[PDB]
Structures are given as structure tokens and as C-alpha cells.
$ cat input.txt   # compact mmCIF, C-alpha atoms
# COMPACT_ATOMS: atom_id res chain seq x y z
CA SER A 34 101.67 107.64 197.96
CA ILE A 35 103.20 108.04 194.48
CA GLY A 36 101.05 108.72 191.43
CA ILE A 37 101.98 108.59 187.75
CA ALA A 38 100.01 111.07 185.65
CA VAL A 39 99.99 111.11 181.85
CA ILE A 40 100.35 114.10 179.51
CA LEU A 41 98.94 113.91 175.99
CA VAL A 42 99.31 116.45 173.18
CA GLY A 43 97.69 116.36 169.75
CA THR A 44 94.31 115.88 168.10
CA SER A 45 93.91 112.31 169.39
CA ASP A 46 90.96 111.91 171.76
CA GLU A 47 91.25 109.56 174.74
CA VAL A 48 89.09 110.14 177.84
CA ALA A 49 88.18 106.70 179.23
CA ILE A 50 91.86 105.76 179.57
CA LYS A 51 91.83 106.80 183.23
CA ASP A 52 88.72 104.71 183.91
CA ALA A 53 90.29 101.64 182.30
CA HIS A 54 93.65 102.34 183.94
CA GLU A 55 92.13 102.74 187.41
CA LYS A 56 90.46 99.34 187.05
CA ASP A 57 93.68 97.99 185.47
CA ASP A 58 96.12 99.51 187.98
CA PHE A 59 97.09 96.16 189.58
CA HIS A 60 95.26 96.84 192.84
CA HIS A 61 97.14 93.93 194.45
CA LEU A 62 100.24 96.17 194.44
CA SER A 63 100.74 99.24 196.63
CA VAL A 64 100.69 101.82 193.83
CA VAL A 65 98.38 104.63 195.09
CA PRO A 66 97.34 105.73 191.59
CA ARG A 67 96.83 109.44 190.96
CA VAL A 68 96.63 109.37 187.18
CA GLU A 69 95.54 112.64 185.58
CA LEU A 70 94.91 113.11 181.86
CA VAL A 71 95.91 116.58 180.65
CA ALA A 72 95.49 117.58 177.00
CA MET A 73 96.44 120.73 175.13
CA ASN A 74 96.62 121.66 171.45
CA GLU A 75 100.11 123.18 171.13
CA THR A 76 103.61 121.73 170.87
CA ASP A 77 105.49 124.81 172.06
CA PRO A 78 108.40 123.55 174.21
CA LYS A 79 108.49 126.26 176.87
CA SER A 80 104.69 126.32 177.14
CA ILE A 81 104.84 122.56 177.62
CA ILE A 82 107.73 123.04 180.07
CA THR A 83 105.68 125.45 182.19
CA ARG A 84 102.80 122.96 182.32
CA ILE A 85 105.16 120.10 183.21
CA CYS A 86 106.96 122.03 185.95
CA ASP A 87 103.67 123.30 187.36
CA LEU A 88 102.20 119.78 187.14
CA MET A 89 103.98 118.43 190.22
CA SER A 90 104.54 121.82 191.86
CA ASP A 91 100.88 122.10 192.88
CA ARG A 92 100.07 118.45 193.60
CA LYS A 93 102.34 115.48 194.35
CA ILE A 94 103.44 113.76 191.12
CA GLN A 95 106.64 111.72 190.79
CA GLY A 96 106.38 110.34 187.27
CA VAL A 97 105.09 111.35 183.84
CA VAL A 98 104.69 109.80 180.39
CA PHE A 99 104.48 111.98 177.27
CA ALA A 100 102.36 110.94 174.30
CA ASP A 101 102.22 112.83 171.01
CA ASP A 102 101.59 112.45 167.29
CA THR A 103 104.05 114.72 165.50
CA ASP A 104 107.21 114.69 163.40
CA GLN A 105 108.98 117.35 165.50
CA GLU A 106 112.38 115.90 166.44
CA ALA A 107 113.00 118.17 169.43
CA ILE A 108 110.55 117.24 172.20
CA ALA A 109 112.47 114.19 173.44
CA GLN A 110 115.50 116.18 174.58
CA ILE A 111 113.26 118.49 176.62
CA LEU A 112 112.24 115.65 178.94
CA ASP A 113 115.92 114.78 179.30
CA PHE A 114 116.56 118.41 180.26
CA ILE A 115 113.77 118.29 182.85
CA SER A 116 114.59 114.81 184.13
CA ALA A 117 118.28 115.58 184.57
CA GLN A 118 117.79 118.65 186.77
CA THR A 119 114.56 117.43 188.39
CA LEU A 120 114.96 113.95 189.90
CA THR A 121 111.73 112.50 188.55
CA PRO A 122 111.33 109.50 186.22
CA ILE A 123 110.18 110.13 182.66
CA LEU A 124 109.04 107.42 180.24
CA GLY A 125 108.42 107.70 176.51
CA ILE A 126 105.78 105.69 174.64
CA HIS A 127 104.76 107.40 171.41
CA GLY A 128 105.60 110.23 169.06
CA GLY A 129 108.57 112.48 169.71
CA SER A 130 109.31 110.65 172.96
CA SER A 131 110.02 107.40 171.09
CA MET A 132 112.83 108.26 168.70
CA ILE A 133 116.57 107.80 168.41
CA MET A 134 118.60 109.91 170.84
CA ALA A 135 122.28 110.69 170.38
CA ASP A 136 123.22 110.67 174.07
CA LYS A 137 121.59 111.53 177.38
CA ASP A 138 122.91 113.40 180.39
CA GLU A 139 125.31 111.66 182.77
CA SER A 140 122.69 111.58 185.55
CA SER A 141 119.34 111.31 183.76
CA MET A 142 117.01 108.41 184.51
CA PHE A 143 115.11 108.92 181.25
CA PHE A 144 113.95 106.01 179.09
CA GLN A 145 112.13 105.63 175.78
CA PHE A 146 110.52 102.96 173.61
CA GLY A 147 111.43 101.88 170.11
CA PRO A 148 114.24 99.97 168.43
CA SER A 149 117.82 101.06 168.93
CA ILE A 150 119.92 102.45 166.10
CA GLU A 151 122.19 99.40 166.33
CA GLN A 152 119.30 96.93 166.25
CA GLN A 153 117.91 98.53 163.08
CA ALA A 154 120.91 97.43 161.02
CA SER A 155 120.88 93.90 162.44
CA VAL A 156 117.25 93.24 161.51
CA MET A 157 117.81 94.93 158.16
CA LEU A 158 120.70 92.53 157.48
CA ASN A 159 118.53 89.53 158.35
CA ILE A 160 116.03 90.39 155.60
CA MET A 161 118.66 90.75 152.87
CA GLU A 162 119.66 87.08 153.20
CA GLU A 163 116.44 85.16 152.52
CA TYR A 164 115.88 87.14 149.32
CA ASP A 165 119.54 86.80 148.24
CA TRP A 166 120.63 90.41 147.90
CA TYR A 167 124.39 90.09 148.39
CA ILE A 168 125.43 93.06 146.23
CA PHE A 169 124.72 96.39 147.92
CA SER A 170 126.04 99.91 148.44
CA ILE A 171 125.28 102.54 151.07
CA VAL A 172 124.56 106.27 150.89
CA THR A 173 123.74 108.40 153.92
CA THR A 174 123.69 112.00 155.09
CA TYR A 175 125.31 113.96 157.94
CA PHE A 176 122.47 113.25 160.36
CA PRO A 177 123.90 112.81 163.89
CA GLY A 178 124.52 109.26 165.01
CA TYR A 179 125.35 107.93 161.54
CA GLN A 180 128.96 107.01 162.31
CA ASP A 181 128.20 103.77 164.17
CA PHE A 182 125.99 102.49 161.33
CA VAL A 183 128.86 101.87 158.92
CA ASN A 184 130.93 100.65 161.87
CA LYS A 185 128.19 98.16 162.75
CA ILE A 186 128.15 96.87 159.17
CA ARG A 187 131.89 96.23 159.05
CA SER A 188 131.89 94.48 162.43
CA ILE B 72 116.74 126.27 186.25
CA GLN B 73 113.95 128.73 185.47
CA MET B 74 116.11 130.54 182.90
CA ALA B 75 114.91 128.07 180.26
CA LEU B 76 111.49 129.72 180.35
CA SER B 77 113.01 133.06 181.38
CA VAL B 78 115.06 133.49 178.18
CA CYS B 79 112.54 133.15 175.34
CA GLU B 80 109.82 135.16 177.07
CA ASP B 81 112.11 138.06 177.98
CA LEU B 82 114.40 137.98 174.93
CA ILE B 83 113.08 135.90 172.01
CA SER B 84 109.70 137.66 172.14
CA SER B 85 111.53 140.89 171.22
CA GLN B 86 111.92 139.67 167.60
CA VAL B 87 115.64 138.94 167.98
CA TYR B 88 117.92 137.41 165.35
CA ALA B 89 120.71 135.91 167.50
CA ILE B 90 121.59 135.27 171.14
CA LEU B 91 124.76 136.31 172.99
CA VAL B 92 125.32 134.18 176.09
CA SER B 93 127.88 135.25 178.68
CA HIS B 94 130.04 133.14 180.96
CA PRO B 95 128.96 132.18 184.48
CA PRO B 96 131.00 134.02 187.13
CA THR B 97 131.78 130.62 188.66
CA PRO B 98 135.10 129.19 187.38
CA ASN B 99 133.48 126.11 185.82
CA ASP B 100 129.80 125.12 185.80
CA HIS B 101 127.35 123.59 183.34
CA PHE B 102 124.42 125.29 185.10
CA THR B 103 124.62 128.43 182.96
CA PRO B 104 125.64 127.32 179.43
CA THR B 105 123.22 124.38 179.16
CA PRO B 106 119.68 125.85 179.27
CA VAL B 107 120.68 128.95 177.28
CA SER B 108 121.19 126.75 174.21
CA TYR B 109 118.23 124.36 174.58
CA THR B 110 115.69 127.15 174.12
CA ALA B 111 117.22 128.32 170.84
CA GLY B 112 117.51 124.76 169.51
CA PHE B 113 113.79 124.31 168.84
CA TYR B 114 113.75 127.26 166.43
CA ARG B 115 117.37 126.72 165.30
CA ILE B 116 118.19 130.17 166.69
CA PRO B 117 121.96 130.83 166.63
CA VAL B 118 123.69 131.26 169.98
CA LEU B 119 127.18 132.70 170.56
CA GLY B 120 129.18 131.95 173.69
CA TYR C 287 100.03 97.89 169.61
CA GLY C 288 97.74 100.83 170.30
CA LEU C 289 97.58 103.80 172.65
CA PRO C 290 95.63 102.07 175.47
CA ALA C 291 97.96 99.07 175.28
CA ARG C 292 101.13 101.12 175.75
CA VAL C 293 99.72 103.50 178.37
CA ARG C 294 98.73 100.70 180.75
CA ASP C 295 102.12 99.01 180.41
CA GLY C 296 103.94 102.28 181.03
CA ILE C 297 102.47 102.86 184.48
CA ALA C 298 103.01 99.19 185.35
CA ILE C 299 106.71 99.66 184.57
CA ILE C 300 107.20 102.39 187.18
CA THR C 301 104.92 100.81 189.79
CA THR C 302 106.68 97.44 189.75
CA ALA C 303 110.01 99.26 190.01
CA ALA C 304 108.70 101.11 193.07
CA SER C 305 107.49 97.88 194.72
CA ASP C 306 110.93 96.45 195.47
CA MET C 307 112.10 99.94 196.43
CA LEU C 308 109.37 99.95 199.08
CA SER C 309 110.33 96.34 199.91
CA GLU C 310 114.06 96.79 200.58
CA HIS C 311 114.70 100.51 201.09
CA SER C 312 111.18 101.76 201.96
CA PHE C 313 112.67 105.20 202.72
CA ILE C 314 111.81 107.34 199.70
CA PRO C 315 112.13 111.02 200.75
CA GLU C 316 109.88 112.56 198.05
CA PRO C 317 112.44 115.12 196.84
CA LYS C 318 111.22 118.63 196.08
CA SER C 319 110.06 118.45 192.45
CA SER C 320 109.93 122.11 191.42
CA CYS C 321 111.87 123.84 188.66
CA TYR C 322 111.06 127.12 190.41
CA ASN C 323 113.52 127.42 193.32
CA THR C 324 114.93 123.92 192.84
CA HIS C 325 116.42 123.65 196.33
CA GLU C 326 116.30 119.83 196.26
CA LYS C 327 119.47 117.81 195.71
CA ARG C 328 120.45 114.18 195.12
CA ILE C 329 121.19 113.52 198.78
CA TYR C 330 119.06 110.37 198.85
CA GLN C 331 119.56 107.14 196.90
CA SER C 332 117.90 108.33 193.70
CA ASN C 333 120.85 107.00 191.70
CA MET C 334 120.19 103.47 192.97
CA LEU C 335 116.84 103.63 191.16
CA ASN C 336 118.75 103.29 187.88
CA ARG C 337 119.71 99.71 188.72
CA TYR C 338 116.12 98.59 189.35
CA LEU C 339 114.65 100.27 186.25
CA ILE C 340 116.61 98.01 183.88
CA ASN C 341 115.12 94.55 184.57
CA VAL C 342 111.50 95.72 184.74
CA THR C 343 109.11 92.95 183.68
CA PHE C 344 105.35 92.49 183.80
CA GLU C 345 102.63 90.12 182.56
CA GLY C 346 105.36 87.53 182.02
CA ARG C 347 106.69 89.61 179.11
CA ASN C 348 110.35 90.63 179.15
CA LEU C 349 110.13 94.44 179.09
CA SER C 350 113.72 95.07 180.13
CA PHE C 351 115.61 98.21 179.12
CA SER C 352 119.09 98.78 177.75
CA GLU C 353 121.73 101.16 179.07
CA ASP C 354 121.11 103.65 176.26
CA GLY C 355 117.41 103.87 177.08
CA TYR C 356 115.87 101.36 174.68
CA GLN C 357 113.72 98.33 175.39
CA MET C 358 116.10 96.18 173.28
CA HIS C 359 113.36 93.56 172.75
CA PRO C 360 111.20 95.34 170.17
CA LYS C 361 108.59 94.04 167.72
CA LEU C 362 109.58 95.44 164.33
CA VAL C 363 107.08 95.32 161.46
CA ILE C 364 108.11 95.43 157.80
CA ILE C 365 105.90 97.52 155.51
CA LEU C 366 105.72 98.03 151.76
CA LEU C 367 104.41 100.77 149.47
CA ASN C 368 102.18 99.47 146.68
CA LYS C 369 101.62 100.99 143.24
CA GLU C 370 99.21 103.34 144.98
CA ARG C 371 100.51 104.98 148.15
CA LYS C 372 99.36 102.71 150.98
CA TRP C 373 101.36 101.04 153.75
CA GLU C 374 100.73 97.32 154.19
CA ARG C 375 102.30 94.73 156.47
CA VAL C 376 104.71 92.25 154.88
CA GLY C 377 106.31 90.33 157.74
CA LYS C 378 107.30 90.40 161.39
CA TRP C 379 110.64 90.07 163.15
CA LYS C 380 111.03 88.87 166.73
CA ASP C 381 113.93 87.39 168.70
CA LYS C 382 116.22 87.35 165.65
CA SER C 383 113.61 85.45 163.64
CA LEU C 384 111.82 86.36 160.42
CA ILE D 266 156.76 122.94 185.63
CA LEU D 267 156.13 123.85 181.99
CA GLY D 268 152.56 125.17 182.00
CA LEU D 269 150.58 126.92 179.29
CA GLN D 270 148.25 129.93 179.34
CA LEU D 271 146.14 131.70 176.74
CA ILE D 272 146.12 135.45 176.12
CA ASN D 273 143.06 137.70 176.38
CA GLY D 274 140.95 135.07 178.09
CA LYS D 275 138.98 137.17 180.56
CA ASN D 276 138.63 140.64 178.98
CA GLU D 277 135.10 140.05 177.73
CA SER D 278 134.61 143.80 177.26
CA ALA D 279 136.57 143.61 174.01
CA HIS D 280 135.06 140.19 173.31
CA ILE D 281 131.48 141.45 173.19
CA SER D 282 132.79 144.25 170.96
CA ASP D 283 133.98 141.71 168.40
CA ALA D 284 130.82 139.61 168.72
CA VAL D 285 128.45 142.48 167.96
CA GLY D 286 130.77 143.68 165.20
CA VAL D 287 131.01 140.37 163.36
CA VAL D 288 127.25 139.72 163.46
CA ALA D 289 126.77 143.28 162.18
CA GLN D 290 128.66 142.28 159.04
CA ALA D 291 126.46 139.18 158.70
CA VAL D 292 123.16 141.07 158.81
CA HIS D 293 124.36 143.65 156.27
CA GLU D 294 125.30 140.84 153.89
CA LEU D 295 122.11 139.04 154.96
CA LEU D 296 119.92 141.82 153.54
CA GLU D 297 120.84 141.12 149.90
CA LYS D 298 118.83 137.94 149.20
CA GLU D 299 115.07 137.46 148.95
CA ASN D 300 113.04 135.08 151.14
CA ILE D 301 113.95 136.87 154.37
CA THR D 302 111.37 135.20 156.60
CA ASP D 303 110.74 136.86 159.94
CA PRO D 304 111.98 134.75 162.88
CA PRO D 305 109.35 133.65 165.41
CA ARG D 306 108.02 136.32 167.75
CA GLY D 307 106.46 135.26 171.02
CA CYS D 308 107.35 132.11 172.95
CA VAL D 309 103.81 130.66 173.08
CA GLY D 310 101.94 131.31 169.84
CA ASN D 311 104.42 129.79 167.39
CA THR D 312 105.65 126.20 167.61
CA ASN D 313 106.98 125.62 164.08
CA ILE D 314 110.41 126.24 162.53
$ encode --input "input.txt" --output "C-alpha cells"
Amino acid sequence: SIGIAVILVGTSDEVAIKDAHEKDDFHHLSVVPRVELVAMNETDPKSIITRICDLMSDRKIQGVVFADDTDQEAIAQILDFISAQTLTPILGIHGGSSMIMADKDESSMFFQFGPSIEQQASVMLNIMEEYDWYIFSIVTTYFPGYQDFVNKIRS
Amino acid sequence: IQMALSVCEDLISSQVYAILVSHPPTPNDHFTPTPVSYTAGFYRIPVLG
Amino acid sequence: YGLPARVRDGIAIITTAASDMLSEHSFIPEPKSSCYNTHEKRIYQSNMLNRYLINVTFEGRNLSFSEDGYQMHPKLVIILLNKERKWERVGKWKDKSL
Amino acid sequence: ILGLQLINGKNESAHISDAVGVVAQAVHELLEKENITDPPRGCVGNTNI
């Protein structure tokens, strides 16, 4: 009796996802799907917050996945804010949801997709060995989470 | 919990330039100081504790 | 890896994590999910859900998660910018291989 | 025991007096440079920075 709706924001059009998902919901497993596709053409945080809070206040929803196509580096923390205080799982797939996060709350069962900041350096080091680039120097800004990058290199 | 949406609508909409956030009457809680800074973060609005 | 591909996997992640919860515990209380008058608390074993959301796998593909909140088995793609501005694939990296 | 305490830690009445005073200096010095863009008004219509 638990359904996982999906929220989508942007100009991308996707209607038949529910029809495919309902037929691809792994009916052999007791999932009770209640997937709802909700779309809206603004990225205002509080306006999105009101829609999210009201999403499971009316009906019974215990899980949400946010999809977006934008460069705004502030939407991910909002889900963390909601998921920390409201004990509901949140999963990130695309857009602002899938990006590097400095640190989450102590009790926040929030998860995202995408490579970690540590894994980025490791793969980057494994491409500068086949092409023999052994002489290099590093320049970076004061963007948060940059301290471990140089520390990863030296380790 | 609802202050997150209760701050911008009641205060930011008034064409403000900065936010002055007070201290919770409780001796020590994160309930008050946390949401009062998330709302201003999207627009980089300064907040003063 | 397109939008329909990721959306279907995402729901499968939560559902397969709920299956063993309904297998062993089977006592989910459906806590009050409402920011307005959030009277609900973490009385139940919601924290134990963190342990079973880490080793989530499906379709035989290792879709586990890290502690920080990252899948930790990604599929990075290397791209290059030509003389004219256009992104094109160069190579792929998986499982510490190039 | 050798404890430590800080002075003027709970008299916020004088504290808000300093806070409004110091920001008052900032806005007066603020209004001397062009490109004074109006901060966002309304918590729904605008979503940019």
C-alpha cells in the first residue's frame, strides 16, 4: 500500500512514462504502484515545496523522485531539508538532484545519482597515464568541497 | 516546519534587503535557525542571527 | 542512459528495498507525512531503513549506494570539443578500466 | 571549578539596536554605486538570482 510518484519540472515532455512504468512495475513483487506524473513550469523553491508537501498530505505517498533540466545549484538541498524533517525517502536521478553535495543532515535518508567528488579525480588520473602526461599543475577556486581534491591527489 | 514557506511570503514579498533572525526561546534547538536560512539561500539574501 | 531508463530503475530501487522490509519487519506504521502540523516523530524503525537502502540491486546490475549518497559504480563518459562547438564521445570508463 | 562566561549574551534589546544600526551604514554606502538591481519581490513569480 505504498506508492512512489514522480515529480518533473522543465520543458521536457513525458506522458507515457506512467503507462510504461505500470506495465514495467515488476508485478511479481508486492509494490502497489500509485505513480503520478506532475509537471509545472517554474523552479521556485517554496512553490515547489508547497506542491511537494501537499503531494502526500492529500493522498498517501511515501516516496518521490525529482527530475529537472536546469543549472540551478540549489534544488538538491531542498529535498534534503524536506527529507530530514519529513521521514520520507527521496531519490535523485537527473538535473539539480544529481550533483555534488557537501554534506547531508545527520538523519536524512536522501540519495542521489552521479559520480562522487572523490571518484572524479581517480578516473581523471587514469586517463593521464595512457597518453603520458606526467607534468601537470593544478588551479582551482574557493568552491565548497575543494579541499579533499588536493588531498586525494597527494594520497 | 511551515516557517520555510511562511518567511518568504510574509517577509520577502515586502521587497526587503536583509533578514534579521532571532533566537529560539528554547535554550538550544536547530528547529528555529535552520529553515530561516534555507529560504534566503536561493536568492543569496543575507541573514543576520 | 535516458529519462525512461532512469525513471524505471528509480522506482525499482525503493520497491525492492520495501520487499525485505515487508518480509522481516512487516510493521510499517505509515508515519504522518505532512509539513503542516508535523506531529509525527521517529518512534518507529525508520532509521533501520538506512541499512537496507545501501545494497539495493536489480536486473542483476549492482546499483548499490555509498554512505555519502552516491551510487559509487557510475558509467563516466569522456567528451571532447571539436574545432566547432560540439560535444562528441571519446571513450568510456567502467570498473577502473579505460 | 574554573568556568567561563560571556558578557551581554542575552540582552538582545541592545543587540537588535546594533544590528539595525550597522546595516543602516551599509545601505547608505550602498547607494553610491550604479547597477543597483532591485531584489526579488514575491515568492512565486521570480525563480532566478
$ closest_residue --input "input.txt" --among "C:342, C:321, C:384, C:300" --to "chain B" --atoms "all atoms listed in the file"
C:321
$ residues_near_point --input "input.txt" --point "(109.3, 100.2, 169.1)" --cutoff "7 Å" --atoms "only C-alpha atoms" --output "PyMOL selection string"
(chain A and resi 146-148) or (chain C and resi 360-362)
$ atom_distance --input "input.txt" --atom1 "CA of residue 87 in chain B" --atom2 "CA of residue 307 in chain D"
10.3 Å
$ interface_residues --input "input.txt" --of "chain C" --to "chain B" --cutoff "8 Å" --atoms "only C-alpha atoms" --output "list in words"
residues 321, 322, 323 and 324 of chain C
$ interface_residues --input "input.txt" --of "chain A" --to "chain D" --cutoff "8 Å" --atoms "all atoms listed in the file" --output "list in words"
residues 75, 76, 77, 78, 79 and 80 of chain A
$ residues_around --input "input.txt" --residues "range 328-335 of chain C" --least-positions-apart "5" --cutoff "10 Å" --atoms "only C-alpha atoms" --output "PyMOL selection string"
(chain A and resi 118-122+140-142) or (chain C and resi 303-304+307+311+313-317+340)
$ atom_distance --input "input.txt" --atom1 "CA of residue 155 in chain A" --atom2 "CA of residue 106 in chain A"
23.9 Å
$ atom_distance --input "input.txt" --atom1 "CA of residue 293 in chain C" --atom2 "CA of residue 381 in chain C"
23.6 Å
$ interface_residues --input "input.txt" --of "chain B" --to "chain A" --cutoff "12 Å" --atoms "only C-alpha atoms" --output "PyMOL selection string"
chain B and resi 72-80+83+101-102+105-115
$ closest_residue --input "input.txt" --among "D:271, D:281, D:298, D:293" --to "chain B" --atoms "only C-alpha atoms"
D:281
$ residues_around --input "input.txt" --residues "residue 137 in chain A" --least-positions-apart "5" --cutoff "12 Å" --atoms "all atoms listed in the file" --output "ChimeraX atom specification"
/A:109-117,142-145 /C:353-356
$ residues_near_point --input "input.txt" --point "(130.6, 138.3, 164.9)" --cutoff "12 Å" --atoms "only C-alpha atoms" --output "list in words"
residues 89, 90, 91, 117, 118, 119 and 120 of chain B; 280, 281, 282, 283, 284, 285, 286, 287, 288, 289, 290, 291, 292 and 293 of chain D
$ closest_residue --input "input.txt" --among "A:129, A:177, A:36, A:43" --to "residue 298 in chain C" --atoms "only C-alpha atoms"
A:36
$ closest_residue --input "input.txt" --among "A:176, A:182, A:169, A:164" --to "chain C" --atoms "all atoms listed in the file"
A:164
$ residues_around --input "input.txt" --residues "residue 341 in chain C" --least-positions-apart "2" --cutoff "7 Å" --atoms "all atoms listed in the file" --output "VMD selection string"
chain C and resid 338 to 339 343 350 to 351
$ closest_atom_pairs --input "input.txt" --of "chain C" --to "chain A" --cutoff "7 Å" --atoms "all atoms listed in the file" --output "JSON lines"
{"residue": "C:290", "atom": "CA", "partner": "A:50", "partner_atom": "CA", "distance": 6.7}
{"residue": "C:292", "atom": "CA", "partner": "A:126", "partner_atom": "CA", "distance": 6.6}
{"residue": "C:294", "atom": "CA", "partner": "A:54", "partner_atom": "CA", "distance": 6.2}
{"residue": "C:297", "atom": "CA", "partner": "A:37", "partner_atom": "CA", "distance": 6.6}
{"residue": "C:301", "atom": "CA", "partner": "A:64", "partner_atom": "CA", "distance": 5.9}
{"residue": "C:319", "atom": "CA", "partner": "A:119", "partner_atom": "CA", "distance": 6.1}
{"residue": "C:320", "atom": "CA", "partner": "A:90", "partner_atom": "CA", "distance": 5.4}
{"residue": "C:321", "atom": "CA", "partner": "A:86", "partner_atom": "CA", "distance": 5.9}
{"residue": "C:336", "atom": "CA", "partner": "A:142", "partner_atom": "CA", "distance": 6.4}
{"residue": "C:355", "atom": "CA", "partner": "A:144", "partner_atom": "CA", "distance": 4.5}
{"residue": "C:356", "atom": "CA", "partner": "A:146", "partner_atom": "CA", "distance": 5.7}
{"residue": "C:357", "atom": "CA", "partner": "A:146", "partner_atom": "CA", "distance": 5.9}
{"residue": "C:358", "atom": "CA", "partner": "A:148", "partner_atom": "CA", "distance": 6.4}
{"residue": "C:360", "atom": "CA", "partner": "A:148", "partner_atom": "CA", "distance": 5.8}
$ write_last_selection --input "input.txt" --atoms "C-alpha atoms" --output "mmCIF file, in the coordinates of the input"
data_model
loop_
_atom_site.group_PDB
_atom_site.id
_atom_site.type_symbol
_atom_site.label_atom_id
_atom_site.label_comp_id
_atom_site.auth_asym_id
_atom_site.auth_seq_id
_atom_site.Cartn_x
_atom_site.Cartn_y
_atom_site.Cartn_z
ATOM 1 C CA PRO C 290 95.630 102.070 175.470
ATOM 2 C CA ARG C 292 101.130 101.120 175.750
ATOM 3 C CA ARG C 294 98.730 100.700 180.750
ATOM 4 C CA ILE C 297 102.470 102.860 184.480
ATOM 5 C CA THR C 301 104.920 100.810 189.790
ATOM 6 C CA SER C 319 110.060 118.450 192.450
ATOM 7 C CA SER C 320 109.930 122.110 191.420
ATOM 8 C CA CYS C 321 111.870 123.840 188.660
ATOM 9 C CA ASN C 336 118.750 103.290 187.880
ATOM 10 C CA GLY C 355 117.410 103.870 177.080
ATOM 11 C CA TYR C 356 115.870 101.360 174.680
ATOM 12 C CA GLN C 357 113.720 98.330 175.390
ATOM 13 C CA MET C 358 116.100 96.180 173.280
ATOM 14 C CA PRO C 360 111.200 95.340 170.170
#
$ residues_around --input "input.txt" --residues "residue 363 in chain C" --least-positions-apart "2" --cutoff "9 Å" --atoms "only C-alpha atoms" --output "list in words"
residues 361, 365, 375, 376, 377, 378 and 379 of chain C
$ closest_residue --input "input.txt" --among "D:299, D:266, D:278, D:294" --to "chain B" --atoms "all atoms listed in the file"
D:278
$ decode --input "input.txt" --residues "range 291-308 of chain C" --atoms "N, CA, C and O atoms" --output "compact mmCIF listing (two decimals), in the first residue's frame"
# COMPACT_ATOMS: atom_id res chain seq x y z
N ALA C 291 14.81 5.26 -18.97
CA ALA C 291 15.67 4.24 -18.39
C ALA C 291 15.90 4.49 -16.90
O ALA C 291 15.84 3.56 -16.09
N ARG C 292 16.17 5.74 -16.52
CA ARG C 292 16.46 6.04 -15.13
C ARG C 292 15.20 6.04 -14.27
O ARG C 292 15.26 5.66 -13.09
N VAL C 293 14.06 6.47 -14.82
CA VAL C 293 12.84 6.55 -14.03
C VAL C 293 12.40 5.16 -13.59
O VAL C 293 12.03 4.95 -12.43
N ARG C 294 12.44 4.19 -14.50
CA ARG C 294 12.01 2.84 -14.16
C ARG C 294 12.92 2.22 -13.11
O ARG C 294 12.44 1.55 -12.18
N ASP C 295 14.23 2.44 -13.23
CA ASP C 295 15.15 1.91 -12.23
C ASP C 295 14.91 2.54 -10.87
O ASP C 295 15.02 1.87 -9.83
N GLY C 296 14.58 3.84 -10.85
CA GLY C 296 14.42 4.53 -9.58
C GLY C 296 13.32 3.94 -8.72
O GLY C 296 13.51 3.73 -7.52
N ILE C 297 12.16 3.67 -9.31
CA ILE C 297 11.07 3.07 -8.55
C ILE C 297 11.44 1.66 -8.12
O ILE C 297 11.11 1.23 -7.01
N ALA C 298 12.15 0.92 -8.97
CA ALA C 298 12.56 -0.43 -8.62
C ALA C 298 13.50 -0.43 -7.43
O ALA C 298 13.54 -1.41 -6.67
N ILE C 299 14.26 0.65 -7.25
CA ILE C 299 15.18 0.73 -6.12
C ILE C 299 14.40 0.75 -4.80
O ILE C 299 14.71 0.01 -3.87
N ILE C 300 13.38 1.60 -4.72
CA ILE C 300 12.62 1.72 -3.48
C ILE C 300 11.78 0.48 -3.24
O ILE C 300 11.67 -0.01 -2.11
N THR C 301 11.16 -0.06 -4.30
CA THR C 301 10.27 -1.20 -4.13
C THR C 301 11.02 -2.43 -3.63
O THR C 301 10.53 -3.12 -2.73
N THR C 302 12.19 -2.71 -4.18
CA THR C 302 12.95 -3.86 -3.72
C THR C 302 13.53 -3.65 -2.33
O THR C 302 13.83 -4.63 -1.64
N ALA C 303 13.70 -2.40 -1.91
CA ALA C 303 14.08 -2.13 -0.52
C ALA C 303 12.90 -2.30 0.42
O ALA C 303 13.09 -2.60 1.60
N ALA C 304 11.67 -2.09 -0.07
CA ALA C 304 10.49 -2.30 0.75
C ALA C 304 10.12 -3.77 0.86
O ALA C 304 9.41 -4.16 1.80
N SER C 305 10.57 -4.60 -0.08
CA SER C 305 10.17 -6.01 -0.09
C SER C 305 10.69 -6.74 1.13
O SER C 305 9.93 -7.43 1.83
N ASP C 306 11.99 -6.61 1.42
CA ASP C 306 12.54 -7.29 2.59
C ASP C 306 12.07 -6.64 3.88
O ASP C 306 12.03 -7.30 4.93
N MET C 307 11.72 -5.35 3.84
CA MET C 307 11.09 -4.72 5.00
C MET C 307 9.75 -5.37 5.31
O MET C 307 9.43 -5.63 6.47
N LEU C 308 8.96 -5.64 4.27
CA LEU C 308 7.70 -6.36 4.46
C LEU C 308 7.93 -7.85 4.70
O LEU C 308 7.00 -8.55 5.12
